[PDB]
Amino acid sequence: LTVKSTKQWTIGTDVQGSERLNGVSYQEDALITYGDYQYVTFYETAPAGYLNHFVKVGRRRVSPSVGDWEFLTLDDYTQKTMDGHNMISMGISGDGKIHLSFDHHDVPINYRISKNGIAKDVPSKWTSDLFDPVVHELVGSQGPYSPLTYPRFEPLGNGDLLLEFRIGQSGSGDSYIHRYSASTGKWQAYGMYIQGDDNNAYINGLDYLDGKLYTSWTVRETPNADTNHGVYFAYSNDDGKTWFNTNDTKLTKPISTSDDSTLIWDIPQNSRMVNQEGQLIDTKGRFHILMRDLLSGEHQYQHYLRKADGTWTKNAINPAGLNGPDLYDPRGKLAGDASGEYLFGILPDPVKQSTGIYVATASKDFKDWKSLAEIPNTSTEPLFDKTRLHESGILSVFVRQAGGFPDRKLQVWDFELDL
């Protein structure tokens, strides 16, 4: 497996401040291909300057040929909170509508949707008038809508879209799911699916494949990040209403964080494992978790694999030259190709200030990690475009640079693989 071409585009100038607002691990998602177009979303500085930002949405044609980016600016909502939690997630439903949810740390929902199905009936002009106003509810559904953190979207097989988030606070919170119907244009409440017990679950993402929805998490006792413990797993066969553990045992609804039947690896507190890293369902149905810990005596990225035959294994990701991350270092992701044979680790290196792309293969039980490429000069939690990789064999990664304002740019890097 080799890289056929590498290309990069500078798409904006990152915002000034001591927190990272663009390129955050739990943006789900930031960079999405739908049909012939790729879409991206990020904050840029508004005319009032420091600590005033607008959401931008970019699109470019990627098929049959790659075209230039064009951007619209949503200049009717000013983001003003210098807090790295307050990121943007985007999702696209099967009616072609683009959904955005943004700017939360324990506050009421901020959500908006396109007026028409602009990712399906593609408009000639890309302007802010394409979007409806910001609202603080999900029409058709019910609250609670506050205090919300961590909006995540997941598209489903019939064109519907899940929106998932935490209600509560660090160290005491629950998680909820809502479902948007592409046929009716309405949301509906699926309710609380994980319930804290004087703690909160931090999921790594949502992964959907062939009618099943998968998630993994750790449990945090207090606002101190050293108090994460455990690696947990569950899946649903009905889009989030009914959940099962790794042994196919039906769970209570909601799942309590005090129920150990979802535990797949005992990791104590003070292991230097961080919440909200990465996960992946590969196209062969194997489930992968990316975390980190110090338990071997060195800081290392860790790969948890759920095999076909229910087994779980844990193996360090330690290719030559990769510096292992501590608790507060940037978080990575796992990507997979359409065939299910290739697993990509998109791993930020906290010493080199770069993002490494590593590959392992199912034929070698994913133990053959090799360097494939590097993105230099990054201070980012890398994010990638799942659909573009599956459909085109192009690994497309959104990054925030290292460096100081206003030199620090936002970029998309495309690695064309000879898959």
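Position 1 is the first residue in the sequence shown; the rest follow in order.
- Higher average CA B factor: 347 to 355, of the stretches 347 to 355 and 23 to 31.
- Note on 315 to 323 vs 91 to 99: mean CA B-factor is higher in 315 to 323.
- Each of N204, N247, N228, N86 has a CA temperature factor in the record; the biggest one is found at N247.
- Note on the listed residues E154, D121, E277, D174: the highest Cα temperature factor in the record is that of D121.
- When the modelled residues of the chain are ordered by their C-alpha B factor, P108 lands in the lowest third.
- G310: CA B factor lies in the highest third for its chain, per the PDB record.
- Among the modelled residues of its chain, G117 has a C-alpha B-factor that falls in the highest third, as given in the PDB entry.
- For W126, the recorded CA B-factor ranks within the highest third of the chain. Only modelled residues enter the ranking.
- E381 sits in the lowest third of its chain by CA B factor, as recorded in the PDB entry.
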